[PDB]
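Some notes on the structure that comes next.
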Amino acid sequence: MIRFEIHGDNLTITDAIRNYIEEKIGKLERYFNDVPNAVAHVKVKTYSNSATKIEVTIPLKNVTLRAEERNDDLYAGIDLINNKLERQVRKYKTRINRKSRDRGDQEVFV
């Protein structure tokens with residue numbers, strides 16, 4: 001089961017975001033079906049609507065994304081990681097997939 005293990009010390013510490021993330025991570029992992037385990041170890045930290053300090057660490061099978069930054073929007077921090085998730089997830093899975101066919105991406109053929 002795809003898990004979300006957040007420690008969020010922010011203003012809105014309720015089911016709202018947890019659900020919000022459940023939707024996000026849910027919709028992300030529902031892009032896959034062969035994903036038994038994907039996690040979101042996230043930690044936001046703010047006592048101001050004009051603040052957010054976040055740190056995501058989302059261990060999928062393939063890759064674990066971590067994003068640790070102080071940025072006004074939480075959702076931008078997690079978007080940093082989510083959007084980079086798309087970016088990195090695809091970079092990683094597509095690279096590790098193509099390593100069979102693409103022999104000379106890291107190799108100069110010595």
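Residue names in the structure tokens use chain letters A, B, ... in the order shown, residue numbers from 1 in each chain, and ligand numbers from 1 in the order shown.
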task: Show which residues sit within 10 Å of residue 25 in chain A, as a ChimeraX atom specification. Count only C-alpha atoms, and ignore same-chain residues fewer than 5 positions away.
output: /A:2-4,19-20,30-31,38-40,58,82
Can those selected residues be exported to a file as a PDB file, in the first residue's frame so that it contains N, CA and C atoms?
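Ended up saving to part.pdb:
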ATOM      1  N   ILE A   2       0.577   2.165  -0.906  1.00  0.00           N
ATOM      2  CA  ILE A   2       1.267   3.444  -0.946  1.00  0.00           C
ATOM      3  C   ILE A   2       0.941   4.254   0.312  1.00  0.00           C
ATOM      4  N   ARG A   3       1.969   4.599   1.068  1.00  0.00           N
ATOM      5  CA  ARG A   3       1.808   5.271   2.316  1.00  0.00           C
ATOM      6  C   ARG A   3       2.225   6.724   2.216  1.00  0.00           C
ATOM      7  N   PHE A   4       1.700   7.509   3.120  1.00  0.00           N
ATOM      8  CA  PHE A   4       2.078   8.894   3.262  1.00  0.00           C
ATOM      9  C   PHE A   4       2.349   9.175   4.737  1.00  0.00           C
ATOM     10  N   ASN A  19      -5.502  14.302   3.326  1.00  0.00           N
ATOM     11  CA  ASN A  19      -6.333  13.911   2.206  1.00  0.00           C
ATOM     12  C   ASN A  19      -5.762  14.489   0.918  1.00  0.00           C
ATOM     13  N   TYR A  20      -5.452  15.788   0.937  1.00  0.00           N
ATOM     14  CA  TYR A  20      -4.846  16.497  -0.203  1.00  0.00           C
ATOM     15  C   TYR A  20      -3.652  15.718  -0.769  1.00  0.00           C
ATOM     16  N   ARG A  30      -1.255   6.152  -8.921  1.00  0.00           N
ATOM     17  CA  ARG A  30      -2.243   5.538  -9.802  1.00  0.00           C
ATOM     18  C   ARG A  30      -1.873   5.702 -11.272  1.00  0.00           C
ATOM     19  N   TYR A  31      -0.780   6.409 -11.546  1.00  0.00           N
ATOM     20  CA  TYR A  31      -0.204   6.401 -12.886  1.00  0.00           C
ATOM     21  C   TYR A  31       0.452   5.051 -13.125  1.00  0.00           C
ATOM     22  N   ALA A  38       4.983   2.920  -2.099  1.00  0.00           N
ATOM     23  CA  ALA A  38       5.440   4.285  -2.345  1.00  0.00           C
ATOM     24  C   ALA A  38       5.084   5.126  -1.119  1.00  0.00           C
ATOM     25  N   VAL A  39       6.036   5.881  -0.586  1.00  0.00           N
ATOM     26  CA  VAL A  39       5.854   6.586   0.655  1.00  0.00           C
ATOM     27  C   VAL A  39       6.017   8.092   0.450  1.00  0.00           C
ATOM     28  N   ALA A  40       5.421   8.895   1.328  1.00  0.00           N
ATOM     29  CA  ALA A  40       5.712  10.328   1.378  1.00  0.00           C
ATOM     30  C   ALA A  40       6.051  10.757   2.802  1.00  0.00           C
ATOM     31  N   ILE A  58       9.909  10.993  -0.457  1.00  0.00           N
ATOM     32  CA  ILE A  58       8.904  10.118  -1.001  1.00  0.00           C
ATOM     33  C   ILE A  58       9.585   8.894  -1.655  1.00  0.00           C
ATOM     34  N   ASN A  82       6.919  17.278  -6.300  1.00  0.00           N
ATOM     35  CA  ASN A  82       5.932  16.493  -7.061  1.00  0.00           C
ATOM     36  C   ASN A  82       6.167  16.639  -8.552  1.00  0.00           C
TER      37      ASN A  82
END
Test item: residues at most 8 Å from residue 47 in chain A, only C-alpha atoms, excluding those fewer than 4 positions along its chain, as a PyMOL selection string: chain A and resi 9-11+51-52
message: When DSSP is applied to the backbone of this structure, which of chain A are assigned strand (DSSP E or B)? Write them out as a PyMOL selection string.
response: chain A and resi 5-6+9+41-45+53-59+64-70
task: Would you please extract all alpha helix (DSSP H) residues from chain A, as assigned by DSSP on the backbone, and give them as a PyMOL selection string?
output: chain A and resi 15-29+74-98
Write the residues you've just listed into a file as a compact mmCIF listing (two decimals), in the first residue's frame, and include N, CA and C atoms for each of them.
# COMPACT_ATOMS: atom_id res chain seq x y z
N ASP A 15 -7.06 16.76 8.44
CA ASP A 15 -7.30 15.75 7.42
C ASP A 15 -7.26 16.36 6.03
N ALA A 16 -7.52 17.67 5.96
CA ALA A 16 -7.50 18.42 4.71
C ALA A 16 -6.29 18.09 3.86
N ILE A 17 -5.12 18.40 4.39
CA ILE A 17 -3.86 18.22 3.69
C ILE A 17 -3.54 16.76 3.54
N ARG A 18 -3.78 16.01 4.60
CA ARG A 18 -3.48 14.60 4.58
C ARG A 18 -4.22 13.96 3.42
N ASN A 19 -5.50 14.30 3.33
CA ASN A 19 -6.33 13.91 2.21
C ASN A 19 -5.76 14.49 0.92
N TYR A 20 -5.45 15.79 0.94
CA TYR A 20 -4.85 16.50 -0.20
C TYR A 20 -3.65 15.72 -0.77
N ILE A 21 -2.88 15.13 0.13
CA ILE A 21 -1.64 14.48 -0.23
C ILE A 21 -1.99 13.10 -0.65
N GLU A 22 -3.07 12.62 -0.06
CA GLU A 22 -3.53 11.31 -0.35
C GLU A 22 -4.02 11.28 -1.79
N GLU A 23 -4.60 12.41 -2.19
CA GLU A 23 -5.08 12.61 -3.54
C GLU A 23 -3.90 12.76 -4.48
N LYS A 24 -2.95 13.60 -4.09
CA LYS A 24 -1.75 13.81 -4.89
C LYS A 24 -1.02 12.49 -5.11
N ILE A 25 -0.45 11.97 -4.03
CA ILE A 25 0.29 10.71 -4.07
C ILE A 25 -0.58 9.60 -4.66
N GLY A 26 -1.86 9.60 -4.31
CA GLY A 26 -2.77 8.65 -4.90
C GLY A 26 -2.81 8.76 -6.42
N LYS A 27 -2.83 9.98 -6.93
CA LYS A 27 -3.01 10.19 -8.35
C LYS A 27 -1.70 9.98 -9.07
N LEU A 28 -0.62 10.20 -8.34
CA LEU A 28 0.71 9.96 -8.86
C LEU A 28 0.97 8.47 -8.99
N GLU A 29 0.71 7.74 -7.92
CA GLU A 29 0.96 6.31 -7.89
C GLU A 29 -0.08 5.56 -8.72
N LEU A 74 4.09 25.82 0.90
CA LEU A 74 4.12 24.40 1.11
C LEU A 74 3.87 23.65 -0.16
N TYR A 75 2.80 24.05 -0.81
CA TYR A 75 2.29 23.30 -1.90
C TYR A 75 3.21 23.46 -3.09
N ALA A 76 4.04 24.50 -3.00
CA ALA A 76 5.04 24.80 -3.99
C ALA A 76 6.27 23.97 -3.71
N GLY A 77 6.50 23.72 -2.43
CA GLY A 77 7.59 22.89 -2.03
C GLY A 77 7.33 21.44 -2.39
N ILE A 78 6.14 20.98 -2.04
CA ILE A 78 5.70 19.67 -2.42
C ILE A 78 5.50 19.59 -3.95
N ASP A 79 5.11 20.70 -4.61
CA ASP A 79 5.10 20.78 -6.10
C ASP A 79 6.49 20.75 -6.63
N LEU A 80 7.41 21.39 -5.95
CA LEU A 80 8.80 21.27 -6.32
C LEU A 80 9.13 19.81 -6.37
N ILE A 81 8.85 19.12 -5.28
CA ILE A 81 9.10 17.69 -5.24
C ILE A 81 8.16 16.86 -6.12
N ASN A 82 6.92 17.28 -6.30
CA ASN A 82 5.93 16.49 -7.06
C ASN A 82 6.17 16.64 -8.55
N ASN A 83 6.54 17.83 -8.92
CA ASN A 83 6.74 18.17 -10.30
C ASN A 83 8.12 17.65 -10.73
N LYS A 84 9.06 17.79 -9.80
CA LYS A 84 10.36 17.14 -9.94
C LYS A 84 10.19 15.64 -9.79
N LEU A 85 9.13 15.21 -9.12
CA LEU A 85 8.79 13.80 -9.00
C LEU A 85 8.51 13.28 -10.37
N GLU A 86 7.58 13.91 -11.06
CA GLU A 86 7.33 13.57 -12.44
C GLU A 86 8.66 13.55 -13.20
N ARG A 87 9.41 14.65 -13.07
CA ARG A 87 10.70 14.80 -13.76
C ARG A 87 11.70 13.69 -13.40
N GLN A 88 11.80 13.36 -12.13
CA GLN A 88 12.88 12.53 -11.63
C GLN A 88 12.46 11.10 -11.71
N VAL A 89 11.22 10.89 -11.35
CA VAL A 89 10.58 9.61 -11.50
C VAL A 89 10.72 9.13 -12.92
N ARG A 90 10.35 9.98 -13.87
CA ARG A 90 10.45 9.59 -15.28
C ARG A 90 11.91 9.49 -15.71
N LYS A 91 12.75 10.40 -15.22
CA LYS A 91 14.16 10.35 -15.55
C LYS A 91 14.73 9.02 -15.10
N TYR A 92 14.42 8.67 -13.87
CA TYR A 92 14.97 7.48 -13.24
C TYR A 92 14.40 6.21 -13.87
N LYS A 93 13.08 6.08 -13.90
CA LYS A 93 12.45 4.85 -14.39
C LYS A 93 12.72 4.67 -15.87
N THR A 94 12.64 5.75 -16.63
CA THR A 94 12.86 5.68 -18.06
C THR A 94 14.35 5.44 -18.38
N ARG A 95 15.25 6.00 -17.57
CA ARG A 95 16.68 5.74 -17.75
C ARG A 95 17.00 4.29 -17.37
N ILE A 96 16.50 3.85 -16.21
CA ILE A 96 16.79 2.50 -15.74
C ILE A 96 16.07 1.46 -16.60
N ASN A 97 15.03 1.88 -17.30
CA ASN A 97 14.36 1.02 -18.26
C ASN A 97 15.19 0.92 -19.54
N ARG A 98 15.64 2.07 -20.02
CA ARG A 98 16.34 2.16 -21.30
C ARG A 98 17.79 1.69 -21.22
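If you look at CA of residue 34 in chain A and CA of residue 101 in chain A, they are 21.7 Å away from each other.
For the pair CA of residue 100 in chain A and CA of residue 57 in chain A, the separation is 28.3 Å.
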task: Pick out the closest residue to residue 69 in chain A from this set: A:13, A:44, A:6, A:110. Count only C-alpha atoms.
output: A:44
